[PDB]
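Per my numbering, the sequence shown starts with residue 108, numbered consecutively.
Ideal Cβ placement from N, Cα and C applies to all residues, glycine included.
The structure appears below as structure tokens.
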Amino acid sequence: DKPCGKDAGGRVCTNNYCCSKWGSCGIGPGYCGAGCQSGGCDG
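Right, dumping it as structure tokens:
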């Protein structure tokens, strides 16, 4: 499995997902909240 965000250069999944603080792509409270490095986040 591969990184996103700071541990990749910024990019995320092709879907409107969010990048968690350690490079895991997906959706959830710590993915799209104040944890978000990049992607379709709410904050």
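**Request:** Name the two residues that bound the continuous alpha helix (DSSP H) containing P136.
**Result:** Residue range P136 to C139 is occupied by the alpha helix (DSSP H) that includes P136.
**Item:** For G146 and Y124, believed in contact at Cβ under 8 angstroms, the rounded distance
**Value:** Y124 to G146, Cβ: 6 angstroms. Contact.
**Asked** What did DSSP end up calling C125 once you bin it into helix, strand or coil?
**Response** Under the three-state reduction of DSSP output, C125 falls in the strand class.
**Request:** Going by CA-CA distance only, name the one from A115, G150, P110 and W129 that's closest to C139.
**Result:** Selected option, being the one with the closest Cα: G150.
**Message:** At the level of alpha carbons, what is the spacing between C132 and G116?
**Reply:** If you take the alpha carbons of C132 and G116, they lie about 13 angstroms apart.
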